[PDB]
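So this one's query15.txt, compact mmCIF, N, CA and C atoms and all ligand atoms:
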# COMPACT_ATOMS: atom_id res chain seq x y z
N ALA A 1 53.34 6.77 54.31
CA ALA A 1 53.81 8.03 54.85
C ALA A 1 52.60 8.91 55.20
N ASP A 2 52.16 9.68 54.22
CA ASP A 2 51.03 10.56 54.42
C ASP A 2 49.95 10.24 53.38
N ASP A 3 50.40 9.98 52.16
CA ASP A 3 49.50 9.65 51.08
C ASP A 3 48.86 8.28 51.35
N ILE A 4 47.54 8.30 51.48
CA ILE A 4 46.80 7.08 51.74
C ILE A 4 45.61 6.99 50.78
N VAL A 5 45.51 5.85 50.12
CA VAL A 5 44.42 5.63 49.17
C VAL A 5 43.34 4.78 49.84
N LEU A 6 42.14 5.34 49.88
CA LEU A 6 41.01 4.65 50.49
C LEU A 6 40.19 3.98 49.39
N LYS A 7 40.41 2.68 49.23
CA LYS A 7 39.69 1.91 48.22
C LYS A 7 38.19 2.14 48.39
N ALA A 8 37.52 2.32 47.26
CA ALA A 8 36.09 2.54 47.27
C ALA A 8 35.48 1.99 45.97
N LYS A 9 34.32 1.38 46.12
CA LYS A 9 33.63 0.80 44.97
C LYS A 9 32.91 1.92 44.20
N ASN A 10 33.13 3.14 44.66
CA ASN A 10 32.52 4.30 44.02
C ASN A 10 33.59 5.35 43.74
N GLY A 11 34.82 4.87 43.57
CA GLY A 11 35.94 5.75 43.30
C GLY A 11 36.82 5.92 44.54
N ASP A 12 38.07 5.50 44.40
CA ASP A 12 39.01 5.61 45.50
C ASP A 12 39.10 7.06 45.96
N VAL A 13 39.51 7.23 47.20
CA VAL A 13 39.65 8.56 47.78
C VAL A 13 41.10 8.80 48.18
N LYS A 14 41.65 9.89 47.67
CA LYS A 14 43.03 10.24 47.97
C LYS A 14 43.07 11.12 49.22
N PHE A 15 43.59 10.55 50.30
CA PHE A 15 43.69 11.27 51.55
C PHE A 15 45.15 11.56 51.91
N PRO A 16 45.44 12.86 52.07
CA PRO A 16 46.75 13.36 52.40
C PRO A 16 46.93 13.35 53.92
N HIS A 17 47.55 12.30 54.43
CA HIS A 17 47.77 12.19 55.87
C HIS A 17 48.99 13.03 56.26
N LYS A 18 48.97 14.27 55.82
CA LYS A 18 50.07 15.19 56.12
C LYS A 18 49.50 16.57 56.42
N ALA A 19 48.95 17.19 55.38
CA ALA A 19 48.37 18.52 55.52
C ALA A 19 47.33 18.50 56.65
N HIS A 20 46.80 17.31 56.90
CA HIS A 20 45.80 17.15 57.94
C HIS A 20 46.49 17.14 59.31
N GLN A 21 47.81 17.28 59.28
CA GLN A 21 48.58 17.29 60.51
C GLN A 21 48.82 18.73 60.98
N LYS A 22 49.35 19.54 60.07
CA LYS A 22 49.62 20.93 60.38
C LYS A 22 48.30 21.67 60.57
N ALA A 23 47.27 21.16 59.93
CA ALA A 23 45.95 21.76 60.03
C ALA A 23 45.26 21.27 61.31
N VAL A 24 45.65 20.08 61.73
CA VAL A 24 45.08 19.49 62.93
C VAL A 24 46.19 18.78 63.72
N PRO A 25 47.16 19.57 64.16
CA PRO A 25 48.30 19.10 64.93
C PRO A 25 47.85 18.06 65.94
N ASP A 26 46.59 18.15 66.36
CA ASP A 26 46.06 17.21 67.32
C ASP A 26 45.72 15.89 66.62
N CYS A 27 46.44 14.85 67.01
CA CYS A 27 46.23 13.53 66.42
C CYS A 27 45.11 12.84 67.20
N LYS A 28 44.84 13.36 68.39
CA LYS A 28 43.80 12.80 69.24
C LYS A 28 42.43 13.21 68.69
N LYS A 29 42.46 14.05 67.67
CA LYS A 29 41.23 14.52 67.05
C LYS A 29 40.53 13.35 66.36
N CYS A 30 41.29 12.67 65.50
CA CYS A 30 40.75 11.54 64.77
C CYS A 30 41.10 10.26 65.54
N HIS A 31 42.38 10.12 65.84
CA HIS A 31 42.86 8.96 66.57
C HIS A 31 42.40 9.05 68.02
N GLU A 32 41.40 8.23 68.34
CA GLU A 32 40.86 8.21 69.69
C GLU A 32 41.68 7.26 70.57
N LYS A 33 41.88 6.05 70.05
CA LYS A 33 42.64 5.05 70.78
C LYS A 33 44.11 5.14 70.38
N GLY A 34 44.53 6.35 70.06
CA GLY A 34 45.91 6.59 69.66
C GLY A 34 46.09 6.37 68.16
N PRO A 35 47.27 6.77 67.67
CA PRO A 35 47.65 6.65 66.28
C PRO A 35 47.51 5.21 65.83
N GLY A 36 47.05 5.02 64.60
CA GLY A 36 46.87 3.68 64.07
C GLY A 36 45.57 3.57 63.26
N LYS A 37 45.18 2.34 62.99
CA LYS A 37 43.97 2.09 62.23
C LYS A 37 42.75 2.48 63.07
N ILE A 38 41.69 2.87 62.38
CA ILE A 38 40.46 3.27 63.05
C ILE A 38 39.40 2.19 62.85
N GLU A 39 38.95 1.63 63.96
CA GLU A 39 37.94 0.58 63.92
C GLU A 39 36.55 1.20 63.85
N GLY A 40 35.75 0.68 62.93
CA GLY A 40 34.39 1.17 62.75
C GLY A 40 34.29 2.04 61.50
N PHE A 41 35.32 2.85 61.28
CA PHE A 41 35.35 3.73 60.13
C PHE A 41 34.65 3.09 58.93
N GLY A 42 34.09 3.95 58.09
CA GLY A 42 33.39 3.49 56.90
C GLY A 42 32.75 4.66 56.15
N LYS A 43 31.78 4.32 55.31
CA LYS A 43 31.09 5.33 54.53
C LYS A 43 30.47 6.36 55.47
N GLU A 44 29.34 5.98 56.06
CA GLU A 44 28.64 6.86 56.98
C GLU A 44 29.64 7.69 57.78
N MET A 45 30.74 7.06 58.14
CA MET A 45 31.78 7.73 58.90
C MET A 45 32.49 8.79 58.05
N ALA A 46 33.02 8.35 56.93
CA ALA A 46 33.72 9.24 56.02
C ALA A 46 32.83 10.45 55.72
N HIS A 47 31.61 10.15 55.28
CA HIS A 47 30.66 11.20 54.95
C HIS A 47 30.21 11.90 56.23
N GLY A 48 30.12 11.12 57.30
CA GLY A 48 29.70 11.65 58.58
C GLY A 48 30.81 12.50 59.21
N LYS A 49 31.05 12.25 60.49
CA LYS A 49 32.08 12.98 61.21
C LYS A 49 33.42 12.28 61.02
N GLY A 50 33.62 11.77 59.81
CA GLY A 50 34.86 11.08 59.49
C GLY A 50 35.74 11.93 58.57
N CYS A 51 35.12 12.42 57.50
CA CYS A 51 35.84 13.25 56.55
C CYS A 51 35.03 14.54 56.34
N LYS A 52 34.08 14.46 55.41
CA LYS A 52 33.24 15.60 55.11
C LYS A 52 32.84 16.30 56.41
N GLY A 53 32.30 15.50 57.32
CA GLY A 53 31.87 16.03 58.61
C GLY A 53 32.70 17.25 59.01
N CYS A 54 33.98 17.01 59.23
CA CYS A 54 34.89 18.07 59.62
C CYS A 54 34.87 19.15 58.52
N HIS A 55 35.04 18.69 57.29
CA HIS A 55 35.04 19.60 56.16
C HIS A 55 33.87 20.57 56.27
N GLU A 56 32.67 20.03 56.07
CA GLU A 56 31.46 20.83 56.15
C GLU A 56 31.40 21.56 57.49
N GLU A 57 32.14 21.04 58.45
CA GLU A 57 32.18 21.63 59.78
C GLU A 57 32.70 23.07 59.70
N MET A 58 33.85 23.22 59.06
CA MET A 58 34.46 24.53 58.91
C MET A 58 34.21 25.09 57.51
N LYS A 59 33.46 24.33 56.73
CA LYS A 59 33.14 24.75 55.37
C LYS A 59 34.39 24.65 54.50
N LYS A 60 35.45 24.11 55.10
CA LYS A 60 36.71 23.95 54.40
C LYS A 60 36.87 22.49 53.97
N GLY A 61 37.54 22.31 52.84
CA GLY A 61 37.77 20.97 52.31
C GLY A 61 36.66 20.58 51.33
N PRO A 62 36.96 19.55 50.54
CA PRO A 62 36.06 19.00 49.54
C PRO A 62 34.85 18.39 50.22
N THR A 63 33.66 18.87 49.88
CA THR A 63 32.44 18.35 50.47
C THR A 63 31.51 17.81 49.39
N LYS A 64 31.89 18.07 48.14
CA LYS A 64 31.10 17.61 47.01
C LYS A 64 31.69 16.30 46.48
N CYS A 65 30.84 15.54 45.80
CA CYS A 65 31.27 14.27 45.23
C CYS A 65 32.22 14.56 44.07
N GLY A 66 33.04 13.56 43.76
CA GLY A 66 34.00 13.69 42.68
C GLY A 66 35.32 14.29 43.18
N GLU A 67 35.19 15.18 44.15
CA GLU A 67 36.36 15.83 44.73
C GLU A 67 37.12 14.85 45.62
N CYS A 68 36.43 13.79 46.00
CA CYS A 68 37.04 12.77 46.85
C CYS A 68 37.16 11.48 46.04
N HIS A 69 36.05 11.11 45.41
CA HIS A 69 36.02 9.90 44.60
C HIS A 69 36.48 10.23 43.17
N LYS A 70 37.70 9.82 42.88
CA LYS A 70 38.27 10.06 41.56
C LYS A 70 38.42 8.73 40.82
N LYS A 71 37.68 8.61 39.73
CA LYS A 71 37.72 7.40 38.93
C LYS A 71 39.09 7.27 38.27
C1 LIG A 101 42.24 12.87 61.13
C2 LIG A 101 42.13 14.17 60.33
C3 LIG A 101 43.64 12.45 61.44
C4 LIG A 101 44.57 13.11 62.16
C5 LIG A 101 44.43 14.44 62.85
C6 LIG A 101 45.76 12.30 62.17
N1 LIG A 101 45.56 11.14 61.44
FE1 LIG A 101 46.75 9.60 61.49
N2 LIG A 101 45.35 8.51 60.35
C7 LIG A 101 44.13 9.00 59.91
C8 LIG A 101 43.46 8.00 59.11
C9 LIG A 101 42.11 8.18 58.47
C10 LIG A 101 44.27 6.92 59.06
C11 LIG A 101 44.03 5.62 58.35
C12 LIG A 101 42.95 4.75 58.99
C13 LIG A 101 41.58 5.03 58.36
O1 LIG A 101 40.60 5.01 59.13
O2 LIG A 101 41.55 5.25 57.14
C14 LIG A 101 45.45 7.24 59.82
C15 LIG A 101 46.53 6.36 60.01
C16 LIG A 101 47.63 6.63 60.83
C17 LIG A 101 48.67 5.67 61.12
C18 LIG A 101 48.73 4.27 60.59
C19 LIG A 101 49.37 4.15 59.21
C20 LIG A 101 50.75 3.52 59.30
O3 LIG A 101 51.72 4.30 59.39
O4 LIG A 101 50.81 2.27 59.28
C21 LIG A 101 49.55 6.28 61.94
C22 LIG A 101 50.81 5.72 62.54
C23 LIG A 101 49.06 7.62 62.17
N3 LIG A 101 47.88 7.82 61.48
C24 LIG A 101 49.70 8.58 62.97
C25 LIG A 101 49.26 9.89 63.14
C26 LIG A 101 50.00 10.91 63.85
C27 LIG A 101 51.33 10.70 64.52
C28 LIG A 101 49.26 12.04 63.79
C29 LIG A 101 49.59 13.38 64.39
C30 LIG A 101 51.04 13.81 64.20
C31 LIG A 101 48.07 11.74 63.04
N4 LIG A 101 48.08 10.41 62.64
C32 LIG A 101 47.04 12.66 62.77
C33 LIG A 101 43.61 10.25 60.20
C34 LIG A 101 44.25 11.22 60.99
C1 LIG A 102 38.97 18.06 60.41
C2 LIG A 102 39.05 17.27 61.71
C3 LIG A 102 39.17 17.22 59.18
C4 LIG A 102 38.95 15.90 59.02
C5 LIG A 102 38.44 14.92 60.04
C6 LIG A 102 39.29 15.57 57.66
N1 LIG A 102 39.72 16.70 56.98
FE1 LIG A 102 40.23 16.90 55.14
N2 LIG A 102 40.59 18.81 55.28
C7 LIG A 102 40.44 19.55 56.44
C8 LIG A 102 40.82 20.93 56.20
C9 LIG A 102 40.78 22.02 57.23
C10 LIG A 102 41.18 21.02 54.90
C11 LIG A 102 41.65 22.24 54.16
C12 LIG A 102 43.17 22.39 54.13
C13 LIG A 102 43.70 22.90 55.46
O1 LIG A 102 44.14 24.07 55.49
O2 LIG A 102 43.65 22.11 56.43
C14 LIG A 102 41.04 19.70 54.33
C15 LIG A 102 41.33 19.38 52.99
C16 LIG A 102 41.15 18.12 52.43
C17 LIG A 102 41.40 17.81 51.04
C18 LIG A 102 41.88 18.80 50.01
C19 LIG A 102 43.08 19.63 50.46
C20 LIG A 102 44.18 19.63 49.41
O3 LIG A 102 44.67 18.52 49.11
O4 LIG A 102 44.51 20.73 48.92
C21 LIG A 102 41.13 16.50 50.87
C22 LIG A 102 41.23 15.70 49.61
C23 LIG A 102 40.70 15.99 52.15
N3 LIG A 102 40.72 16.99 53.10
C24 LIG A 102 40.33 14.65 52.38
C25 LIG A 102 39.93 14.15 53.62
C26 LIG A 102 39.56 12.78 53.86
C27 LIG A 102 39.55 11.70 52.82
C28 LIG A 102 39.24 12.68 55.17
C29 LIG A 102 38.79 11.45 55.92
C30 LIG A 102 39.74 10.26 55.78
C31 LIG A 102 39.41 13.99 55.75
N4 LIG A 102 39.83 14.89 54.79
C32 LIG A 102 39.17 14.29 57.10
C33 LIG A 102 40.01 19.07 57.67
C34 LIG A 102 39.66 17.72 57.91
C1 LIG A 103 35.96 12.90 50.87
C2 LIG A 103 35.86 14.20 51.67
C3 LIG A 103 34.65 12.37 50.39
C4 LIG A 103 33.64 13.04 49.79
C5 LIG A 103 33.59 14.50 49.45
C6 LIG A 103 32.59 12.09 49.52
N1 LIG A 103 32.96 10.83 49.97
FE1 LIG A 103 32.04 9.21 49.54
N2 LIG A 103 33.47 8.09 50.56
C7 LIG A 103 34.64 8.62 51.08
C8 LIG A 103 35.46 7.56 51.64
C9 LIG A 103 36.79 7.77 52.29
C10 LIG A 103 34.79 6.41 51.46
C11 LIG A 103 35.21 5.02 51.86
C12 LIG A 103 36.56 4.59 51.28
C13 LIG A 103 37.37 3.82 52.31
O1 LIG A 103 37.54 2.60 52.10
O2 LIG A 103 37.80 4.46 53.29
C14 LIG A 103 33.55 6.73 50.78
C15 LIG A 103 32.57 5.79 50.41
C16 LIG A 103 31.48 6.07 49.61
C17 LIG A 103 30.55 5.07 49.13
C18 LIG A 103 30.63 3.60 49.43
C19 LIG A 103 31.80 2.90 48.76
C20 LIG A 103 31.97 1.49 49.30
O3 LIG A 103 33.14 1.03 49.34
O4 LIG A 103 30.94 0.89 49.66
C21 LIG A 103 29.62 5.72 48.39
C22 LIG A 103 28.44 5.13 47.67
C23 LIG A 103 29.97 7.12 48.40
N3 LIG A 103 31.11 7.32 49.15
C24 LIG A 103 29.25 8.12 47.73
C25 LIG A 103 29.51 9.49 47.84
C26 LIG A 103 28.59 10.52 47.43
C27 LIG A 103 27.23 10.29 46.84
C28 LIG A 103 29.19 11.71 47.69
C29 LIG A 103 28.65 13.09 47.45
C30 LIG A 103 27.30 13.35 48.10
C31 LIG A 103 30.49 11.41 48.26
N4 LIG A 103 30.67 10.04 48.34
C32 LIG A 103 31.42 12.38 48.66
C33 LIG A 103 35.00 9.96 51.08
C34 LIG A 103 34.22 10.99 50.50

Rewrite the structure from the file as structure tokens, please.
Ligand code: HEC
Ligand code: HEC
Ligand code: HEC
Amino acid sequence: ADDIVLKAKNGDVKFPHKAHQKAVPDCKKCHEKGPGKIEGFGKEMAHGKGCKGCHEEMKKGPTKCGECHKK
């Protein structure tokens, strides 16, 4: 649905694929080739302009460790 768990060898990341909708009604923001899986995505990405990127972008959202990686 919206709740998506991103397996990580450094602590899984709980991503709410919902609140990120009303906050970013634009799905073309992340989904470039349309809704679906994202090819290439990864660490550098998540930390880059994948997750934090946006976060640190607006200074909103978890940008510190532990806030994403929960053991
Ligand atoms: C970035 C903040 C996103 C926005 C905006 C939207 N979605 Fe999304 N979606 C995102 C991720 C990170 C993922 C998983 C892939 C990954 O790289 O981790 C997804 C996945 C989907 C899927 C596939 C899951 C499934 O149902 O099988 C769909 C169908 C999907 N997303 C649809 C969708 C729609 C309709 C959105 C706007 C209403 C939308 N997404 C916004 C990240 C982001
Ligand atoms: C902008 C394009 C974003 C991208 C890309 C991602 N996130 Fe995000 N996130 C964003 C905002 C603006 C906020 C604050 C809430 C709001 O009003 O939109 C957040 C918040 C989170 C949170 C915590 C919010 C909560 O649950 O209360 C988490 C855990 C989070 N974001 C995770 C996350 C992940 C894992 C992403 C990559 C898959 C990701 N976000 C991308 C804006 C954006
Ligand atoms: C959410 C906004 C995150 C924050 C904050 C940080 N990281 Fe992260 N990291 C995130 C994701 C979504 C992923 C990949 C999970 C997936 O499968 O989608 C990662 C990955 C890592 C890794 C590599 C794990 C692996 O599987 O190889 C490392 C070593 C890592 N992250 C470290 C790390 C550090 C040091 C952080 C603070 C500076 C940090 N993460 C925050 C999402 C998020």

Which residues of chain A come within 10 Å of ligand LIG 102 (chain A), and for each one, what is the closest pair of atoms and their distance in Å to one decimal, counting only C-alpha atoms and all ligand atoms, sorted by chain and residue number, as JSON lines?
{"residue": "A:4", "atom": "CA", "partner": "A:LIG102", "partner_atom": "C27", "distance": 8.7}
{"residue": "A:5", "atom": "CA", "partner": "A:LIG102", "partner_atom": "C27", "distance": 8.6}
{"residue": "A:6", "atom": "CA", "partner": "A:LIG102", "partner_atom": "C27", "distance": 7.6}
{"residue": "A:12", "atom": "CA", "partner": "A:LIG102", "partner_atom": "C27", "distance": 9.5}
{"residue": "A:13", "atom": "CA", "partner": "A:LIG102", "partner_atom": "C27", "distance": 5.9}
{"residue": "A:14", "atom": "CA", "partner": "A:LIG102", "partner_atom": "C22", "distance": 6.0}
{"residue": "A:15", "atom": "CA", "partner": "A:LIG102", "partner_atom": "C27", "distance": 4.4}
{"residue": "A:16", "atom": "CA", "partner": "A:LIG102", "partner_atom": "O3", "distance": 6.5}
{"residue": "A:17", "atom": "CA", "partner": "A:LIG102", "partner_atom": "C30", "distance": 8.3}
{"residue": "A:18", "atom": "CA", "partner": "A:LIG102", "partner_atom": "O2", "distance": 9.4}
{"residue": "A:19", "atom": "CA", "partner": "A:LIG102", "partner_atom": "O2", "distance": 6.0}
{"residue": "A:20", "atom": "CA", "partner": "A:LIG102", "partner_atom": "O2", "distance": 5.6}
{"residue": "A:21", "atom": "CA", "partner": "A:LIG102", "partner_atom": "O2", "distance": 8.0}
{"residue": "A:22", "atom": "CA", "partner": "A:LIG102", "partner_atom": "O2", "distance": 7.3}
{"residue": "A:23", "atom": "CA", "partner": "A:LIG102", "partner_atom": "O2", "distance": 4.3}
{"residue": "A:24", "atom": "CA", "partner": "A:LIG102", "partner_atom": "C2", "distance": 6.5}
{"residue": "A:25", "atom": "CA", "partner": "A:LIG102", "partner_atom": "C2", "distance": 10.0}
{"residue": "A:26", "atom": "CA", "partner": "A:LIG102", "partner_atom": "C2", "distance": 9.0}
{"residue": "A:27", "atom": "CA", "partner": "A:LIG102", "partner_atom": "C2", "distance": 9.4}
{"residue": "A:28", "atom": "CA", "partner": "A:LIG102", "partner_atom": "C2", "distance": 10.0}
{"residue": "A:29", "atom": "CA", "partner": "A:LIG102", "partner_atom": "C2", "distance": 6.4}
{"residue": "A:30", "atom": "CA", "partner": "A:LIG102", "partner_atom": "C5", "distance": 6.3}
{"residue": "A:31", "atom": "CA", "partner": "A:LIG102", "partner_atom": "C5", "distance": 9.9}
{"residue": "A:41", "atom": "CA", "partner": "A:LIG102", "partner_atom": "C30", "distance": 9.0}
{"residue": "A:42", "atom": "CA", "partner": "A:LIG102", "partner_atom": "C30", "distance": 9.3}
{"residue": "A:43", "atom": "CA", "partner": "A:LIG102", "partner_atom": "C29", "distance": 9.9}
{"residue": "A:45", "atom": "CA", "partner": "A:LIG102", "partner_atom": "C29", "distance": 8.5}
{"residue": "A:46", "atom": "CA", "partner": "A:LIG102", "partner_atom": "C29", "distance": 5.5}
{"residue": "A:47", "atom": "CA", "partner": "A:LIG102", "partner_atom": "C29", "distance": 8.2}
{"residue": "A:48", "atom": "CA", "partner": "A:LIG102", "partner_atom": "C5", "distance": 9.4}
{"residue": "A:49", "atom": "CA", "partner": "A:LIG102", "partner_atom": "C5", "distance": 6.8}
{"residue": "A:50", "atom": "CA", "partner": "A:LIG102", "partner_atom": "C5", "distance": 5.3}
{"residue": "A:51", "atom": "CA", "partner": "A:LIG102", "partner_atom": "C29", "distance": 3.5}
{"residue": "A:52", "atom": "CA", "partner": "A:LIG102", "partner_atom": "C32", "distance": 6.4}
{"residue": "A:53", "atom": "CA", "partner": "A:LIG102", "partner_atom": "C5", "distance": 6.8}
{"residue": "A:54", "atom": "CA", "partner": "A:LIG102", "partner_atom": "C1", "distance": 4.2}
{"residue": "A:55", "atom": "CA", "partner": "A:LIG102", "partner_atom": "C33", "distance": 5.2}
{"residue": "A:56", "atom": "CA", "partner": "A:LIG102", "partner_atom": "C33", "distance": 8.9}
{"residue": "A:57", "atom": "CA", "partner": "A:LIG102", "partner_atom": "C1", "distance": 7.7}
{"residue": "A:58", "atom": "CA", "partner": "A:LIG102", "partner_atom": "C9", "distance": 7.0}
{"residue": "A:59", "atom": "CA", "partner": "A:LIG102", "partner_atom": "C9", "distance": 8.3}
{"residue": "A:60", "atom": "CA", "partner": "A:LIG102", "partner_atom": "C11", "distance": 5.2}
{"residue": "A:61", "atom": "CA", "partner": "A:LIG102", "partner_atom": "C15", "distance": 4.0}
{"residue": "A:62", "atom": "CA", "partner": "A:LIG102", "partner_atom": "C17", "distance": 5.7}
{"residue": "A:63", "atom": "CA", "partner": "A:LIG102", "partner_atom": "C23", "distance": 8.8}
{"residue": "A:67", "atom": "CA", "partner": "A:LIG102", "partner_atom": "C22", "distance": 6.9}
{"residue": "A:68", "atom": "CA", "partner": "A:LIG102", "partner_atom": "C22", "distance": 5.8}
{"residue": "A:69", "atom": "CA", "partner": "A:LIG102", "partner_atom": "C27", "distance": 9.1}

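Minimum atom-to-atom distance to ligand LIG 101 (chain A), evaluated using only N, CA and C atoms and all ligand atoms, belongs to A:34 out of A:34, A:65, A:8, A:44.
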
Box for ligand LIG 101 (chain A) - axis-aligned, 5 Å on each of the six sides, all listed atoms - centre and size in Å to one decimal, as lines of an AutoDock Vina configuration file.
center_x = 46.2
center_y = 8.4
center_z = 60.8
size_x = 21.1
size_y = 22.2
size_z = 17.4

Which residue out of A:71, A:36, A:3, A:9 has the minimum interatomic distance to ligand LIG 103 (chain A) when all atoms listed in the file are used?
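So, comparing all the options, the nearest one is A:9.
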
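Relative to atom C of residue 1 of chain A, atom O4 of ligand LIG 101 (chain A) is found at 8.0 Å.
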
One decimal, Å: what's the distance from atom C29 of ligand LIG 103 (chain A) over to atom CA of residue 10 of chain A, could you say?
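Calculated distance between atom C29 of ligand LIG 103 (chain A) and atom CA of residue 10 of chain A is 10.2 Å.
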
Kindly give the distance, in Å, that separates atom FE1 of ligand LIG 101 (chain A) and atom CA of residue 35 of chain A, rounded to a single decimal.
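Atom FE1 of ligand LIG 101 (chain A) sits 5.7 Å away from atom CA of residue 35 of chain A.
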
For ligand LIG 103 (chain A), which of A:39, A:2, A:7, A:33 is the closest residue, counting all atoms listed in the file?
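Checking each of A:39, A:2, A:7, A:33 against ligand LIG 103 (chain A), counting all atoms listed in the file, the winner is A:7.
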
Identify all residues of chain A in strand (DSSP E or B) (DSSP on the backbone) and supply them as a ChimeraX atom specification.
/A:3-6,13-16,69

Using DSSP on the backbone coordinates, identify the residues of chain A assigned to helix (DSSP H, G or I); present them as a PyMOL selection string.
chain A and resi 19-22+43-50+52-58

Taking N, CA and C atoms for each residue, export the selection above as a CSV table (one decimal), in the frame of the given file.
chain,number,residue,atom,x,y,z
A,19,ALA,N,49.0,17.2,55.4
A,19,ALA,CA,48.4,18.5,55.5
A,19,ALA,C,47.3,18.5,56.6
A,20,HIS,N,46.8,17.3,56.9
A,20,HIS,CA,45.8,17.2,57.9
A,20,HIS,C,46.5,17.1,59.3
A,21,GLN,N,47.8,17.3,59.3
A,21,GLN,CA,48.6,17.3,60.5
A,21,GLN,C,48.8,18.7,61.0
A,22,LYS,N,49.4,19.5,60.1
A,22,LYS,CA,49.6,20.9,60.4
A,22,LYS,C,48.3,21.7,60.6
A,43,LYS,N,31.8,4.3,55.3
A,43,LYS,CA,31.1,5.3,54.5
A,43,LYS,C,30.5,6.4,55.5
A,44,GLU,N,29.3,6.0,56.1
A,44,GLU,CA,28.6,6.9,57.0
A,44,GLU,C,29.6,7.7,57.8
A,45,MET,N,30.7,7.1,58.1
A,45,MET,CA,31.8,7.7,58.9
A,45,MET,C,32.5,8.8,58.0
A,46,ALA,N,33.0,8.4,56.9
A,46,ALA,CA,33.7,9.2,56.0
A,46,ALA,C,32.8,10.4,55.7
A,47,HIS,N,31.6,10.2,55.3
A,47,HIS,CA,30.7,11.2,55.0
A,47,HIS,C,30.2,11.9,56.2
A,48,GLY,N,30.1,11.1,57.3
A,48,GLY,CA,29.7,11.6,58.6
A,48,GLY,C,30.8,12.5,59.2
A,49,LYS,N,31.0,12.2,60.5
A,49,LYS,CA,32.1,13.0,61.2
A,49,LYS,C,33.4,12.3,61.0
A,50,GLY,N,33.6,11.8,59.8
A,50,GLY,CA,34.9,11.1,59.5
A,50,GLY,C,35.7,11.9,58.6
A,52,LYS,N,34.1,14.5,55.4
A,52,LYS,CA,33.2,15.6,55.1
A,52,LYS,C,32.8,16.3,56.4
A,53,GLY,N,32.3,15.5,57.3
A,53,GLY,CA,31.9,16.0,58.6
A,53,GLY,C,32.7,17.2,59.0
A,54,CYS,N,34.0,17.0,59.2
A,54,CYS,CA,34.9,18.1,59.6
A,54,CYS,C,34.9,19.2,58.5
A,55,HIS,N,35.0,18.7,57.3
A,55,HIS,CA,35.0,19.6,56.2
A,55,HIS,C,33.9,20.6,56.3
A,56,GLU,N,32.7,20.0,56.1
A,56,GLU,CA,31.5,20.8,56.2
A,56,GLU,C,31.4,21.6,57.5
A,57,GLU,N,32.1,21.0,58.4
A,57,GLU,CA,32.2,21.6,59.8
A,57,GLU,C,32.7,23.1,59.7
A,58,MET,N,33.8,23.2,59.1
A,58,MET,CA,34.5,24.5,58.9
A,58,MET,C,34.2,25.1,57.5
